[PDB]
Structures are given as C-alpha cells and as structure tokens.
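Protein chains in written order, with the UniProt record's numbering: chain A, 209 to 724; chain B, 209 to 724; chain C, 209 to 724. Below is one structure; the comments refer to it alone.
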Amino acid sequence: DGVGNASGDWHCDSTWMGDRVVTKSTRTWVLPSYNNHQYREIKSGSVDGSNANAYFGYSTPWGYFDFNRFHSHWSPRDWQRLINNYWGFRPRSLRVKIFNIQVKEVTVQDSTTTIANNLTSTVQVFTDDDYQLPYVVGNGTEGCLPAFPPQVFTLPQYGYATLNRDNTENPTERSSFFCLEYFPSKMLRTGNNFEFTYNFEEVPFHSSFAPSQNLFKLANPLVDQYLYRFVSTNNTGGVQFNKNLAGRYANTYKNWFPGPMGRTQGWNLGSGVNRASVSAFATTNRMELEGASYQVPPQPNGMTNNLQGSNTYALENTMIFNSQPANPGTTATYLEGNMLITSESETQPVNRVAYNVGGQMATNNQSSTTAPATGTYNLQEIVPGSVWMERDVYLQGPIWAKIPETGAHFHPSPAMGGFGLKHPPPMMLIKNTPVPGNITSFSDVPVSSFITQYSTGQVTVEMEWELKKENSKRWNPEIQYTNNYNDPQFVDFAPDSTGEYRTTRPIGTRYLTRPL
Amino acid sequence: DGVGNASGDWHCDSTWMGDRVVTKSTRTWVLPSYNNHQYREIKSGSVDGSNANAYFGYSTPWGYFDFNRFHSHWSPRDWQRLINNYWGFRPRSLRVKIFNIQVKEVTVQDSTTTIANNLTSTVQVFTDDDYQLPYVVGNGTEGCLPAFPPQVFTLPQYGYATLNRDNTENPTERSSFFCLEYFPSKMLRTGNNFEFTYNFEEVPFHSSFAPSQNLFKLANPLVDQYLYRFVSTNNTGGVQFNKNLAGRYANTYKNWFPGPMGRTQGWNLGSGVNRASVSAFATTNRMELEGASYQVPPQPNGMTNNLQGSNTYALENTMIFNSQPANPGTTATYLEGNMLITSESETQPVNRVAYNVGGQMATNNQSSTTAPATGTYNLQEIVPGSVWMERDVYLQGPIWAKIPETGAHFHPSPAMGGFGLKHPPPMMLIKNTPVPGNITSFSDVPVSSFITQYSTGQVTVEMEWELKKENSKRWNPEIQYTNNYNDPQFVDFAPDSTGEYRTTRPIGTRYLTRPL
Amino acid sequence: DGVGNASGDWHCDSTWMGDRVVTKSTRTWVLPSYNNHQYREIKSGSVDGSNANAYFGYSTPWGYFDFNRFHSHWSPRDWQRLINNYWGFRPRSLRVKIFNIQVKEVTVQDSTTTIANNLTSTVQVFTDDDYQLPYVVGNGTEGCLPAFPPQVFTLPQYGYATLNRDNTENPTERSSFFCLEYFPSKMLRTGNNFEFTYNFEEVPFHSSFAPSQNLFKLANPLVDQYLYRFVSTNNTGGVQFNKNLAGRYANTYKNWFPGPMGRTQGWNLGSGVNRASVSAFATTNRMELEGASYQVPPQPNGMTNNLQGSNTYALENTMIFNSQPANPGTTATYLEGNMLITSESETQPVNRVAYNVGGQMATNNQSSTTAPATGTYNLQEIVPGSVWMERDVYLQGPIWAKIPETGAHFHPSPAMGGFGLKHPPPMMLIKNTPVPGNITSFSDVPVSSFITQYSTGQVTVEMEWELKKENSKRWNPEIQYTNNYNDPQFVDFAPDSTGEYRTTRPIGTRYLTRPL
C-alpha cells in the first residue's frame with residue numbers, strides 16, 4: 209500500500225504432499241534500462257564463416273523473467289528425493305509474483321556515481337498470455353532464476369529475430385515488428401505488486417525410469433518360438449528353415465523396433481584416442497532450412513550416446529553444460545574437465561546409439577548369378593511399431609518449450625528435453641518506464657535525454673507437480689543418486705571460500721528401473 | 209502502516225503477579241550486511257596446536273537474535289527479588305517482536321561517508337520453528353541483548369560448522385549446506401513489524417535452594433541404627449561386628465549416593481600457592497570424540513568446586529565470566545581480578561568436589577597371606593540411587609539449550625546451566641535484502657556490486673516465568689543476596705563516568721535453604 | 209473344511225500406504241518329528257576349554273516359528289525403498305497363519321523309503337502369549353523364514369537351557385522343567401488352519417539416519433563463546449585464562465557427551481597388518497556372570513567401529529554374517545571374503561570408537577612440586593547428559609528381542625540390534641502328534657514305538673510398520689543405497705545357476721542424513 213510497507217514475503221519452501229509437490233522459489237532481480245528506453249533494429253551477416261548466423265531482428269528495452277530451468281525450483285536435495293522415488297512428474301500449476309519493487313537513480317557527477325532512489329518512478333509489467341509475441345523463453349538461453357537462492361540475477365534483455373532476406377541481414381516484406389508498449393501493461397510503483405496464475409495443460413509424465421530389460425530381448429530364454437526363420441539355401445535353389453531357439457535373440461521375430469536415428473560422430477572423452485587438430489564444423493550434422501545449413505544439436509529423440517562405461521560419446525548429440533555461469537560473449541576454449549557433459553547412457557536398451565549404424569537393408573535382388581548384398585544405413589526415421597525413450601531432463605536443464613504455430617507437427621517432444629507445451633507459461637515482460645530529463649523547450653522530435661535508472665526487487669514462482677509413484681516388485685536394491693565423493697576438497701552443490709555456488713556434475717532423472 | 213508512524217512501543221517493564229512473572233525487555237539492534245550479501249565457505253585447520261579446532265562450515269549474510277542469557281530479561285533488582293524468595297522458576301511463554309525498522313545507505317564518496325536512508329529497502333525475517341537449521345544459539349556465544357537497556361547491540365553473524373573429514377578442514381560427503389533463503393521469510397519495510405509467540409514445554413523447575421543438610425548426615429544423631437557394620441577380624445579368621453552408633457556418620461548405612469564425578473585439577477585463587485609457569489592445556493580434562501580430543505568445560509553435573517571459604521577452585525569446572533564485553537578476537541591474558549569466577553560452593557552437601565577423589569573400591573581378594581587393599585578412583589558415573597544437584601544459573605548466564613537430535617540421551621541438563629529443551633525457542637534469523645547498483649548491461653554471472661547498507665530497529669522479548677514459592681518452617685534468618693560494599697568508589701550494576709555498565713560480581717540463585 | 213480344499217492362499221505381497229506399510233510373506237515349512245516324540249534332558253560340560261559353555265536344559269519334540277529377521281518380511285527392493293526415504297520405522301501389528309497342513313508317513317521297508325500320507329494324523333499348534341516358557345526366539349539363532357520366498361525351510365527344534373550348578377552340567381533345585389503339552393494347543397488335521405493376531409506396544413522408531421553434524425562441533429565456527437577456559441599458569445602459582453574462539457572445537461564447552469564405551473581390540477581387514485598366529489579368546493572382552501566369564505559380542509550400544517574408509521574394525525563389536533546358510537555344527541574357518549562384516553561407520557559423529565580410549569581424567573592433585581598428570585580410561589558408562597546412537601538394523605538381522613523378567617533394567621535397546629519389547633510376539637510352538645504302532649498287549653510302560661512321520665505346510669506372516677517420513681531442507685543429494693557392481697558375474701540378491709539365493713553384502717538403514 210505504502211512505501212514503508214513490504215508488499216510480499218520471502219517464500220522459498222518446498223512441500224511434498226503425497227503424489228503432489230509445490231516448490232516455491234523466491235529470487236532477487238535487477239533490471240537495467242536496456243537500450244536507453246528505445247527500440248533498436250539489430251542485424252548481422254555471415255559471421256563465423258557461415259551464412260546461417262545472419263539474422264534480422266529487434267532488441268527491446270524490456271527485460272523478461274525466464275524461470276525455464278529445473279534448478280530454479282528444485283534444491284539438489286529435493287531433486288534427489290524426486291529422482292529416486294518417483295517414475296514420473298509433470299507440471300500442473302504455476303504462480304508468479306513480482307514484489308518489493310524499488311527503482312534507483314544513478315547520477316554520475318564529477319566522477320562520483322550517486323545511487324539515490326525516487327518513490328515516484330514506475331515499472332510496467334505485462335504477461336503475454338495470448339502468444340502474440342515471439343516466445344524466446346524455451347530455447348536454452350541464459351538469464352534465469354539461479355540455482356542458489358541468495359544469488360541476485362539480472363534480467364535478460366528481450367530481443368527476437370524475425371525473417372531475413374536471402375540469408376543476408378536485410379529484412380523481408382513478411383518480417384514483422386512487435387511493439388511491446390502496444391500491449392496493456394501494469395505500471396507498478398514501489399508499493400505495488402504483480403500476481404499471476406497459470407494452469408498447465410495435460411502433458412504426459414516424464415518417463416523417469418531406466419529400462420530394466422532390453423527391447424530385442426523381451427522373450428523368455430526358456431521356451432522357444434513357434435515361428436521359423438530363413439537360414440540358408442541348399443546346393444540347388446531351394447530354401448531351408450530353422451526354428452527360433454529360446455536363448456538366441458539375434459534371430460527371433462520382434463514386435464517392436466527402436467526409434468529414429470541419425471548417425472553422429474563419436475568422440476572419445478576421458479583417456480581418449482581422438483583425431484588430432486580438428487576443426488569439426490564442416491563434418492558435423494547439418495540440416496538445411498530454406499537457404500543456409502544449421503547445426504542441430506541435440507539430434508531428435510530416439511537415440512543415445514555413451515553405451516556403458518565407454519569413454520566414447522556423441523558430442524553432437526549430448527547436452528553439455530558448464531560448472532559456473534560465464535561472461536556474455538566469451539571465446540574461451542573449455543575442456544572435458546570444466547564442462548558438465550550429459551550422458552544418456554541408461555536409455556540404451558530402447559534407443560540405438562548415435563555413433564553407429566542402425567542396421568542394414570537389402571541392396572540387390574538375388575539370383576543364381578548374384579549373391580545377396582546388404583548395406584548399412586546411417587539414418588532411419590519413424591517406422592510403424594517404433595518405441596523409443598525421450599531425452600532425460602536434468603537439474604541444470606530446461607523445463608518446457610513452445611510448439612511452433614505451424615499447421616502440423618509430429619510427436620512434440622523437445623529435442624533439448626522437457627515438455628512440449630502448446631500454450632506455454634506466458635512470458636513476463638518488464639521494463640523501467642522512461643523518465644525525461646530537463647526539457648525546457650518544445651520540440652517535435654521525441655525525447656532522447658532520460659534520467660538513467662535501474663530497478664530491483666524480488667520475484668517468487670510457485671510450481672506444482674503431479675507425481676507418478678513407483679510401483680515395482682523388484683527384489684534387489686536399485687541404483688540411486690548418492691553424494692559419493694572420495695574425501696573432496698569441497699562440498700558439492702554448496703558454496704566455497706569466495707561464495708561461488710559450485711555444481712560439479714549433472715543430475716539425471718532415470719535412476720529407478722522398470723521392466724518393458 | 210506508514211513511514212511516519214511508529215510500529216511499536218518501548219516495553220521494558222516487569223510485572224510480578226503471584227506465582228507468575230512477565231519480564232518485557234526492549235533493546236535496539238544494528239544489522240550490518242555481513243559477507244556483502246553472499247554465502248562463504250569458512251574452514252580452518254589445526255590452529256592453537258590442536259586438531260580439535262579444525263572445522264568446515266558456512267557463514268551466512270544473516271544475523272540472528274540471541275536473547276539466551278538471563279540478564280537480557282532480568283534487572284539486577286528483579287533478579288534479587290527472585291533469588292531470595294522463590295525455590296524455583298521455569299520459562300512458560302515467549303513473545304518476540306521486531307519493530308521500528310529503518311534501513312540506512314552509507315555512501316563513501318570523496319573520503320566522506322554519507323549515511324542517508326531509503327524508505328524502500330526491505331529486511332526479511334523468519335523463525336526456524338521446525339529446527340531444520342543448526343541451532344547455534346544455546347552454546348554460550350556473544351551477541352546477546354545487553355544487560356543494560358540503553359546499550360545498542362549489533363546482531364551476530366549466523367554461521368555454523370558442519371562435518372569435516374579426518375580432522376582436517378576438508379568437507380565430507382555427509383556434510384550438508386543449508387541455504388537460508390530456502391526458508392519462507394517475511395520482507396519488512398520501514399512500516400512493518402514481526403510478531404512471534406512461543407509456548408515452552410514442561411521442564412522441571414530450577415532447584416534454586418541450598419541444601420540445609422548433608423547427604424550422608426540424614427539420620428538423627430540421637431537414636432542409633434538397627435544395622436551392624438563389619439569392623440575387624442580377630443586373631444583367627446573370624447569376623448567381628450559393631451553397632452552403628454548415633455552421632456557417627458562415617459560408618460552408618462546410606463540410602464542415597466552423590467552424583468557423577470570426574471576429577472579435575474584444583475587451582476588456588478586469592479592468596480594462592482600454585483605451580484609456577486604453567487601451560488595447562490596438556491594436563492586438562494579431554495574427551496575424545498571420533499578423532500581429536502576436546503576440552504570439555506564445565507564437566508558434567510553432579511560435582512562442585514570451592515568447598516567453603518577455600519581459595520582452591522576447579523578452574524576447569526567453573527563458569528568464568530568477564531566484567532565487561534570484549535573485542536572479538538582478543539588474546540589478552542586476564543587475571544583473577546578482572547574475571548567473574550563462578551563458585552558452586554553451596555551444593556557441597558550433595559555433590560562431591562572436583563579436585564579430590566570420590567572414594568575407594570577394593571583392589572584384591574583377601575586371604576590369610578593377603579591384607580585387603582583399596583584404591584582411590586578419579587571418576588564415578590551414574591549409580592542407581594544417586595542424587596546430585598545441577599549447576600546454578602546466573603544473571604550473566606545462559607537460559608536454555610537444545611538437546612541434539614540423536615536417538616538417545618540421558619538426563620538432559622545442560623552442563624553450562626539452565627534448561628534442556630527438546631524444541632527450544634526458534635532462532636530468529638534476519639538479514640538485509642540486497643539492493644543492486646548500476647547494472648547497465650546483461651550478464652549471466654550474478655550481481656556482485658550491491659549498494660552497501662545496514663539497518664537498525666528495536667526488538668522486544670516478553671518472557672513468562674512460573675515460580676515455585678518458598679514454603680519453609682525455618683526459624684533463624686536465611687542468607688540472602690545483598691548490596692554489601694565497604695564504601696565503594698562506584699555503584700555496582702549501574703554505569704560510571706564514561707557510561708559503561710559495570711558488573712563486578714556474579715549472582716547465583718541458590719540463596720534460600722531447604723532440608724533434604 | 210475338507211481334504212480336497214485349500215485352507216489358505218499364497219500371500220507374499222507388500223503394500224506401501226502412506227506412512228504405513230504391510231509386508232505379507234508366505235513360506236513353506238517342514239516339521240521333522242524331533243526326539244521321536246519325547247522329552248530329553250540335554251546337558252554339557254566345559255567344552256571348548258571354557259566352563260562358560262556348561263549348561264543344563266531340555267530338548268522338546270516341538271518345533272517353532274522364528275520369523276525374527278528382517279529379510280523374512282522385506283525383499284531387497286522393498287528394503288531399499290525403506291532405507292532411502294524414511295527416517296524411522298517400527299512394527300505395529302502382526303498376523304500369522306499356518307495353513308495347508310499335510311502330514312506324511314515315511315515307511316522304510318526292505319531298503320525302500322515309501323512316503324505315503326494319512327488324512328487322519330493331526331498337528332497341534334499353540335502360541336505362548338503369557339510368556340510362561342523360555343522365549344528362545346530373540347537371541348540370534350538359525351531356523352528362520354528364508355530371505356527368498358521359494359526356499360523351503362525346516363522348523364528349528366525347541367530347546368532351552370535352565371540353571372546349572374557350580375558351572376557344571378548338573379541341575380540345581382531352582383532349575384525348572386516346562387512341559388509344553390501342559391499348554392492348551394489346537395490339534396489341526398489336513399483341512400484346518402491356525403490364525404493369530406498381535407498388536408505391538410509403543411516402542412521408539414528406529415533412528416535410521418546418519419548424523420550430518422559432529423557432536424562436539426555443534427557451535428557455529430563464526431561467533432565465539434562467552435565462556436572462558438583455563439589455559440595455563442604463570443611463573444608464579446596464578447592461573448590464566450583465554451576466550452573460547454569460534455572455529456576451535458577442541459576446547460569449547462560442551463552440553464552433551466557421547467554414550468557408553470568399553471575398549472575392544474581393533475583388527476585390520478582388507479589389506480591389513482595384523483598380529484600373526486593369533487588364538488584370540490584369552491584376550492577378548494569377557495563379562496563374568498555368577499561363576500564363569502562370557503564373551504559378550506557385540507558390546508553394548510553407544511560405540512562404533514570402522515571410522516571412515518579404515519580397514520581397522522572392532523571384530524569383537526560388529527555383527528558378522530554369512531553369505532549363505534551353513535550346516536548345523538560346522539567348524540570351518542571362514543575368511544574376510546566369505547563373511548558379511550557389518551560396519552557401524554556412519555554413527556561416528558555421536559559414538560566413540562571401540563578400538564581407542566574415550567578420553568582422560570585427572571590422576572593427581574597438583575601443587576608446586578607435582579605437575580598435573582592424566583590417564584586414559586578404557587571404559588566409561590552412563591553419564592548424565594549423554595547421547596548416543598543405537599546399533600543399526602540390517603536386512604539379515606534380528607527384528608525384536610525380549611527384555612528379561614527381572615525387576616529392573618536400564619534403556620532396553622538390544623545390543624545385537626532392533627527393538628526391545630516387554631511382551632514380544634508370542635512363540636508359535638508346533639509339533640506332530642504321536643501315532644502309536646502295533647501295540648498288541650497292555651503294558652504300564654509308555655509307548656516308545658511310534659509311526660515315524662513328518663508334516664509340511666505353508667505359513668504366512670503379515671507385519672505392519674509405521675513410517676517416520678523424511679522432512680529435511682538439505683540442498684545437495686544424499687548418499688543412498690544403490691545396485692553398484694562393476695560388471696558382475698552374477699546378479700546380487702537373486703539366484704545363480706544352481707538356484708542358490710546369493711547375498712553378497714549387508715544392507716544398513718542409516719543412509720539419509722539429519723542435523724543434530
């Protein structure tokens with residue numbers, strides 16, 4: 209109500225209630241006045257050698273809230289209690305509240321910055337709940353609610369890239385400009401707040417279980433099939449058959465088949481024997497899209513890398529994360545030790561690997577002059593009767609994504625991971641309202657001389673999750689995530705001497721097992 | 209409600225109501241923004257020569273309220289009316305209120321500190337009422353509500369020490385990190401307040417009476433016992449007996465026995481004849497605990513020191529206090545005159561002393577070649593039928609303590625003194641919410657450049673105490689605490705020329721007597 | 209009702225319902241007619257060199273049901289879901305049913321055993337629910353419901369050892385004989401069953417959490433104590449003091465102390481450097497009890513062995529199990545690899561170790577001719593203010609035990625582990641009723657010529673357990689039990705090529721952590 213009255217409390221709890229959990233999470237944000245309160249037309253040409261990077265777009269003076277990562281809601285213990293006890297989870301509800309807003313005036317006079325504040329400047333927030341803006345949230349960008357609650361993060365500047373012309377920087381006649389002050393906002397002073405609720409649509413549970421049984425080994429090895437296989441041909445042209453025996457799985461008949469595949473290059477981590485002095489951009493997996501050719505990591509769902517205890521990964525197919533956040537616009541060459549290299553190892557009984565071929569088809573029609581030839585294929589798409597296992601979600605990883613507004617789509621699982629929503633959580637845009645300076649005379653040109661200012665405040669996000677409870681009759685103990693460290697020099701998922709929150713390793717979700 | 213309206217009054221009264229007393233106490237506090245609003249990993253090795261001092265832990269940017277001393281609630285007169293009229297007291301209720309919060313911005317520009325204030329910055333308070341944090345309150349640390357009401361105290365920085373590995377500074381896999389912004393707080397501006405109530409659980413009354421009768425002298429010295437004692441043996445092997453006479457207490461049969469004991473070293477105060485040039489750390493009483501060996505002062509309840517008018521104390525077994533508060537991290541070598549050396553002299557009819565042996569057992573089996581031998585023991589633990597007298601509480605001393613969350617414990621009286629609570633009064637954590645500076649561009653690294661600020665305000669604590677009234681038929685006058693000073697140069701428990709509140713001597717609670 | 213009608217179904221399910229779980233478990237048993245249907249007076253002298261082993265007792269023709277092990281109710285997966293999610297469990301109810309009884313006549317004629325059956329022979333069962341018999345169940349003996357449900361176990365023969373005279377085999381006048389046919393039984397034919405219910409009394413939860421914080425390190429390492437310690441003495445006799453600093457835990461004042469202790473010998477497992485050619489029976493920990501001296505493994509609660517990653521254990525203080533069951537009356541010398549050696553490693557922040565001393569007391573009274581001496585003690589019993597951590601329960605370990613019917617006891621936690629019940633689950637005695645042979649004439653001597661026969665059947669036991677749910681705000685992932693094997697040659701807690709259920713390692717219950 210007033211300036212000397214808090215407009216919201218710090219809620220950062222987490223209440224497990226049966227097959228239901230709410231995870232409140234309050235963080236503190238800073239909004240710099242981006243672009244000095246005006247729109248800019250940003251563009252670029254063929255940088256990094258490729259004309260893929262040429263874009264046309266607009267950068268706004270708006271910041272936005274991007275809590276589309278799992279660590280923004282889950283502590284590493286509450287994540288551990290999730291991934292070791294439940295076979296699924298999905299979001300149900302969402303409740304965001306921006307509160308305790310305070311706006312500061314920085315005045316640089318005589319080499320002395322003076323950060324005062326006014327009780328009069330406003331901050332306008334709106335929520336794009338009709339999806340009329342480019343939804344830039346679910347695309348794996350920075351600027352999120354941090355993993356650690358007393359970290360104060362800055363809000364990322366809202367920009368978007370529209371259509372360009374002929375892979376150049378120049379616009380096209382179909383490229384549109386969206387003014388964000390053409391949306392009804394809510395101008396908030398230092399005693400006002402912004403509540404907002406959201407109910408998720410029915411999405412499937414994230415299948416957070418490892419396969420406890422191979423896909424091609426679903427028959428029992430005791431009784432043998434009543435189906436015969438072609439084995440050979442005699443000295444004449446006549447065919448011969450044998451019974452499909454019990455333990456032999458390389459030749460039984462199968463009901464179900466693995467998912468999609470596209471063969472990627474396999475690179476050795478760890479000890480490693482790799483090719484030396486490699487500039488691997490011209491040999492990676494491209495996917496041309498009306499013009500230029502784009503790298504597409506990670507490749508679509510239905511594959512895996514890192515079989516089991518193998519140092520070979522498919523680095524084109526994995527979700528490499530960093531241990532700490534980095535400076536925006538860095539060119540440092542990181543190594544295997546610095547980065548959190550994701551392994552989808554557990555999904556190998558269902559998914560084919562990415563650094564090998566899937567199988568082989570026929571090449572020629574046989575005759576008594578022509579022996580039958582085969583040939584390995586590097587990519588196989590959807591076949592009727594396929595079954596795959598989607599990409600695992602991680603603590604340091606995205607929660608949802610938006611399906612594009614095209615007419616058609618197939619099986620909307622995001623390739624990076626998470627949930628494919630049709631109407632995702634709306635993008636909370638926020639900016640500082642501009643305050644003019646010392647205008648003494650009238651001029652028809654708009655004001656360019658504003659009071660420089662930022663604004664800070666807190667925000668809370670209350671998620672709600674529906675759990676799929678574990679119902680297994682497995683006898684022996686399962687593998688579960690544990691805090692195993694051979695006398696470390698530091699506690700992990702906890703600060704250090706400086707105060708830097710330190711995450712050493714990624715945390716998956718497939719730890720419990722389940723028979724096919 | 210608003211900034212120009214006080215959100216709480218100064219209550220510092222004390223209302224004696226029958227067998228019930230409420231002691232309100234308002235103080236004024238200052239909260240420095242510790243660690244510049246971020247967590248730190250603190251650690252240390254084997255300092256002071258001993259690997260006992262090696263710890264691993266975290267220091268928070270939170271301050272806390274620690275009113276766990278008796279002088280924070282009791283004036284020296286209201287304490288005197290307590291200790292001279294009542295045989296017991298225990299806490300019943302508790303009511304804490306933080307009010308009149310105001311937060312100041314210090315700006316050091318051109319060698320000129322300018323302490324302004326904003327009406328917009330918040331302060332978040334929560335109360336750990338589920339005991340999910342390390343309860344660092346009841347362990348005899350500084351930073352309390354002062355003994356004197358117009359003293360303005362600063363809030364102590366909340367830190368805790370978790371498990372370390374192999375007596376080094378390095379962490380272990382079982383050492384946990386608690387983020388305190390993961391608790392639901394209450395962000396308070398300059399017009400808001402924080403009320404909180406608490407009801408104590410049923411604890412025993414503090415037995416605030418001296419024994420008016422010895423424990424081994426509970427028979428009357430007029431009639432003699434109907435029980436005989438072994439006295440000697442004749443020139444043959446035959447045993448002989450005598451009757452237990454009336455006045456003789458060194459050989460009657462006893463029903464009850466003293467409490468626990470561990471023999472400590474006895475050091476002479478006053479005039480004194482002590483060992484010279486002593487480095488007494490290698491000769492003190494250690495108690496090894498999974499690794500290193502810790503000094504444990506004071507040793508557990510059931511002993512005493514300073515018999516009666518003896519300059520010999522057990523300095524390992526007493527509660528030495530200071531006359532005035534000291535600078536944090538001092539290495540001054542204080543003397544007997546500066547310090548308030550506690551004497552548990554009055555509990556000598558029940559408790560054995562600490563600088564002597566308790567008794568003697570048998571050493572050998574006797575025969576007609578072997579005379580019976582004895583041997584003095586230096587420590588005797590709980591025996592069925594024991595009775596002891598717990599440590600006295602003092603005006604300058606702790607009120608409660610928390611029992612640890614292990615499965616088992618025996619007789620939870622804190623060795624330092626006071627009340628052993630299972631669910632103690634919850635620890636009121638409080639910090640300044642961080643205000644960012646002049647962030648002009650987006651970066652994914654968290655904000656490290658905050659506006660430096662502190663916040664002050666008042667706090668009141670209303671205790672409630674249940675009294676055990678004195679019901680004695682003693683004829684002669686009892687000893688009571690009195691203001692006896694042979695024409696002092698200053699009034700005691702009152703300020704001086706500078707304005708320093710001066711306490712010269714400790715004040716016990718056992719002044720009235722009571723027969724066993 | 210009839211012989212061609214099953215009198216009970218196979219229930220071996222396990223239903224997790226909130227903070228409550230029922231574990232049904234059906235096994236199949238065989239009852240040999242022990243002693244050929246008559247009582248025997250069994251006795252022994254000082255075998256194995258020690259007169260401790262001399263006993264006097266009686267062996268009955270009764271078998272009994274002994275489901276007092278945790279694997280008899282918990283599959284290794286249902287045990288894993290318990291020990292990784294809950295901070296406690298205790299039994300609430302019990303329901304035993306003996307059903308599908310069938311009794312077989314073996315007839316050895318002309319070197320040809322012919323196992324027929326009659327529909328007429330009975331089997332009598334009763335339940336000792338007034339505790340009038342010696343309760344031989346809770347003492348860690350064989351003959352239990354197996355860990356694996358399709359294992360068919362035989363019922364152990366009920367015997368007991370009464371008082372003997374002067375450590376010989378001869379009886380005493382106070383040694384009593386209990387006839388078990390003097391109890392009202394229930395004679396069951398092949399169409400009858402025996403239902404029985406039992407409600408447990410309120411026992412404490414098993415504290416199934418590791419300490420996440422040391423006992424002597426409960427102060428925070430940031431603020432320092434308001435209590436001073438004796439440090440040394442100057443060149444004169446005068447004492448000197450220092451403040452207890454913050455990080456230093458070897459010299460702060462403590463509120464709580466570890467539990468009981470008796471120093472045992474420490475033997476190195478693993479790589480190991482041990483004494484060679486050892487006959488360690490004359491150097492172990494004995495406890496003399498009215499006559500002879502008994503080994504007492506494991507020593508009472510409040511200690512530990514195996515600090516952390518140390519090959520040294522206290523083999524006198526641990527619960528060594530076997531991988532497979534063994535033949536009754538074996539003398540094989542097993543090794544470290546064959547046996548399941550229990551480690552109580554996680555209870556080291558609270559419990560002192562068993563292969564070291566606990567601390568040191570004072571030895572002499574100091575003076576200026578006598579320096580202060582100390583001395584390490586090997587055993588310390590209950591001290592007021594103690595806190596310990598009881599022995600962990602295991603999957604291959606006992607559930608309950610009976611407190612003896614003496615007048616007094618202290619803290620009835622069984623030293624082997626589990627629950628100390630005053631009225632334990634009653635001992636289900638069962639025997640074959642005797643069937644006489646071909647008696648053709650009258651004689652006053654009783655019949656010694658019976659039809660040799662055994663009887664088999666199924667039994668189910670339905671336990672009910674109350675769970676103490678995990679409520680922690682820990683951030684980082686906890687250590688949990690997992691199925692970790694570096695490509696084993698066999699699945700563990702599962703059969704092998706022969707069909708032998710193979711357990712390789714013991715499973716504890718303290719996996720989650722909890723602050724003190």
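Don't be surprised by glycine CBs; every beta carbon is placed ideally from N, CA and C.
Report task. Please work out which residues of its chain come closer than 6 Å, Cβ to Cβ, to residue 620(B), disregarding the five sequence neighbours upstream and downstream, and give them in chain order. Result -> Excluding five sequence positions before and after residue 620(B), the CB atoms of its chain that fall closer than 6 Å to its own CB belong to 611, 628, given in chain order.
Report task. On the DSSP bridge assignment, give the partners of residue 475(B) in chain order. Result -> 521(B)
**Report entry** Endpoints, beta strand (DSSP E) assigned at residue 688(B)
**Finding:** Annotation for residue 688(B): no beta strand (DSSP E) segment contains it, and DSSP assigns it neither H nor E.
Query raised in the report: Below 8 Å, can you find three or more Cβ-Cβ pairs linking the segment 356–374 of chain C to the segment 245–264 of chain C?
Result: yes
Query raised in the report: Using a beta-carbon distance cut-off of less than 9 Å, what residues from the segment 483–497 of chain B approach chain C?
Result: 483, 484, 485, 486, 487, 488, 489, 490, 491, 492, 493, 494, 495, 496, 497
**Report entry** C-beta contact flag for residue 378(A) and residue 653(B) at 9 Å
**Finding:** no
Report task. Report yes if the CB atom of residue 506(B) is closer than 9 Å to the CB atom of residue 476(B), and no otherwise. Result -> no
Query raised in the report: When the Cα of residue 549(C) is compared with those of 605(C), 414(C), 498(C), 586(C), which residue comes out closest?
Result: 605(C)
Query - Run of the beta strand (DSSP E) containing residue 396(B), from where it starts to where it stops - result: Note, residue 396(B): beta strand (DSSP E), 394–396.
Query - Where the alpha helix (DSSP H) through residue 288(A) begins and ends - result: According to the DSSP assignment, residue 288(A) belongs to the alpha helix (DSSP H) that extends over 284–291.
Query - Cβ separation of residue 310(A) and residue 398(A), assumed to be a contact under 8 Å, to the nearest whole Å - result: Right, their Cβ atoms sit about 5 Å apart.
**Report entry** Min CB distance residue 683(C) to chain A below 9 Å
**Finding:** yes
Requested in this report: Take residue 660(C) and list the residues in its own chain whose beta-carbon comes closer than 6 Å to its own, dropping the five residues that flank it on each side.
Outcome: 314
**Report entry** Nonlocal neighbours in the same chain, by C-beta distance under 7 Å from residue 447(A), ignoring five residues either side
**Finding:** 438, 441
Query raised in the report: Is the shortest distance between the beta-carbon of residue 231(A) and the beta-carbons of chain C less than 9 Å?
Result: no
Requested in this report: Kindly provide the ranges of any beta strand (DSSP E) runs that are 3 or more residues long and lie completely inside the segment 593–652 of chain B, ordered along the chain.
Outcome: 608–610, 627–629, 635–640
Report task. Examine chain B for any beta-carbon lying closer than 9 Å to the beta-carbon of residue 515(A), and answer yes or no. Result -> no
Query raised in the report: Given 8 Å as the limit, is there contact between the segment 296–308 of chain A and the segment 392–409 of chain A, that is, 3 or more CB pairs closer than that?
Result: yes
Query - residue 279(B) to residue 665(B) span [Cα, whole Å] - result: 20 Å
Report task. Identify every residue that forms a DSSP beta bridge with residue 448(A). Result -> 440(A)
Query raised in the report: Do we get a CB-CB distance below 9 Å when we pair residue 332(B) with the residues of chain A?
Result: It does; some Cβ of chain A falls within 9 Å.
Report task. Give the residues of chain A in contact with residue 285(C), contact being defined as C-beta atoms less than 7 Å apart. Result -> 680, 682, 683, 684, 685, 686
Query raised in the report: Is DSSP giving residue 709(A) helix, strand or coil here?
Result: Three-state result, residue 709(A): coil.
Query raised in the report: How about residue 295(A): is its C-beta nearer than 9 Å to some C-beta of chain B?
Result: So no, residue 295(A) is outside the interface.
Query - Counterpart residues of residue 720(B) in DSSP-defined beta bridges - result: 417(B)
Query raised in the report: Applying the criterion that 16 or more other CB atoms from any shown protein chain within 10 Å of the CB defines a buried residue, is residue 561(C) buried or exposed?
Result: buried
Query raised in the report: Shorter than 9 Å from the beta carbon of residue 289(C) to some beta carbon of chain A?
Result: yes
Query raised in the report: I think residue 366(B) touches residue 272(B), with their Cβ atoms under 8 Å apart; what is that distance to the nearest whole Å?
Result: 5 Å
Query raised in the report: Considering only residues of the same chain and omitting the five flanking positions on each side of residue 655(C), which have a CB-CB separation below 7 Å?
Result: 644, 647
Query raised in the report: Using the C-alpha atoms, what's the distance from residue 691(A) back to residue 716(C)?
Result: 16 Å
Query - Within 9 Å, strictly: CB atoms of residue 211(C) and residue 276(C) - result: no
**Report entry** Member of 723(B), 470(B), 347(B), 364(B) whose CA lies at the smallest distance from the CA of residue 639(B)
**Finding:** 364(B)
Query raised in the report: For residue 600(A), which residues in chain B fall below 7 Å Cβ to Cβ?
Result: Ordered by position in chain B, no residue passes the 7 Å Cβ test against residue 600(A), which lies about 24 Å from the chain.
**Report entry** Neighbour flag for residue 527(C) against chain B, beta carbons, 9 Å
**Finding:** Residue 527(C) does not count as touching chain B.
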